[PDB]
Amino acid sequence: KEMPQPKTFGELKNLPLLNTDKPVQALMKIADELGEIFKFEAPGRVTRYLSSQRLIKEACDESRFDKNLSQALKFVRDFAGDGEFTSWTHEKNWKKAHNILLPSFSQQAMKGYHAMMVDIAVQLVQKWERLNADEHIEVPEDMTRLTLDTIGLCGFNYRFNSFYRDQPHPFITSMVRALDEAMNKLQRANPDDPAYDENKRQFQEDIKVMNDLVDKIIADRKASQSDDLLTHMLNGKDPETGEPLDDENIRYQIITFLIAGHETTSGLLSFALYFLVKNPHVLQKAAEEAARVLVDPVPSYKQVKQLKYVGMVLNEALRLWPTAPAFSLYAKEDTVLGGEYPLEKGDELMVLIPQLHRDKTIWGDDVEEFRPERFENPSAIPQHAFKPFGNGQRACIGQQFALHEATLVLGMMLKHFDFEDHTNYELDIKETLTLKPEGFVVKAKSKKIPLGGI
């Protein structure tokens, strides 16, 4: 079968279709028009975008495809290096990092992070209880304060103190600019036009800000007994090789985990709150569970694990708007995809996750509705139908960290406040490679339930 392909622009082929501030949403619209697979060509590069579970399940076969660095991740690698997110599976530092850092995500480790996650969640609840009657909440802004603070504290014993700042933390400002520039470089046909000189200067200055922060984390740790993610980065030995990470790689890991470890989580909490306010009956169910389950002044680790419906709400937000919305594969050898599409060794595929999650042959016709009951019995969901955390040995290492944090915080929010979508907010999804609502504001009325000490 010949592969569908969207409209072209002469010798720029499909490239100018990425000349938009919302490229993923543009690709989703193309997949809607063109179907489960389409080709996207740019000068000197081709990729194929997959949207159906039937083809994505094949792409998820690790004997035939391996993780690829999409052009977006190659640009991120300019500041994330061979950190765990932007390394190739065949690079020595990927498996060594994965082996050294995995223990930081064990259940025993998670039980150990719980108190520090509560410390930050209590700061969030206190900030909102302290608002005056005439004020409102800027949701994605506060969720980024919470999630950055939480990976800082749990992962690095470092306080960003983001709730002490009315503007974004300077790491956030540089990170966002750096991910923005990566996204913007995707549609640049001549990246070395001197018209991009100031883009390049500003990129370097952004990277220097992130690395100065990494310096402070490393120095604060030297000056400081912890056993956290940074402990394993600095001292952990890979059981296979017996070697620890080198200093250069360790700096890439800290940048990696500070970014990967909070940005997508902030997106998830923002979208879950959005869907809750837009679906009052769902919000009533979740708030009922939070009140029934969270009987103590602050939540315990077991209580969080008991918030089943809140967990379903977060999964159903990840179904509609997975906040790292694509991952890319390459063919290990020549092969035929779906019995219809021949690929040569090295050909790249991109999995368009929001489109996979709207495959009506899996989910039924009502894929746009927000229905957490979809996830009541997760074992009934077909393999490779639901993939917000990527695939196989390159799947997200921090998936349980993110879900525990989001479930704890959303459970505390729902216990402590009633929420009003006071402006009838129209969803506007800002892209910086990752997805988050922009402009989403709410009002929160305290239920005046006292909050225990940290």
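Each residue number is its position in the shown sequence, starting from 1.
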If the chain runs straight from residue 224 to residue 225, say none; otherwise bin the unmodelled deposited residues as 1 to 3, 4 to 9, or 10 or more.
1 to 3
Higher avg CA temperature factor (131-139 vs 376-384, as deposited) belongs to 376-384
Mean B factor on CA atoms, stretches 158-166 and 255-263, record says higher is 158-166
Per the entry's Cα B factor values, which of 238, 212, 288, 84 stands out as the maximum?
212
Given 91, 334, 119, 149, identify the residue with the highest C-alpha B factor in the PDB entry.
334
Third of chain Cα B-factors occupied by residue 59
middle
What third of the chain does residue 404 rank in for C-alpha temperature factor, lowest, middle or highest?
lowest
In terms of the chain's CA B-factor thirds, is residue 50 lowest, middle or highest?
middle
By the entry's values, the third containing the CA B factor of residue 298 is the highest
Sorting by Cα B-factor within the chain, modelled residues only, which third would residue 32 end up in: lowest, middle or highest?
highest
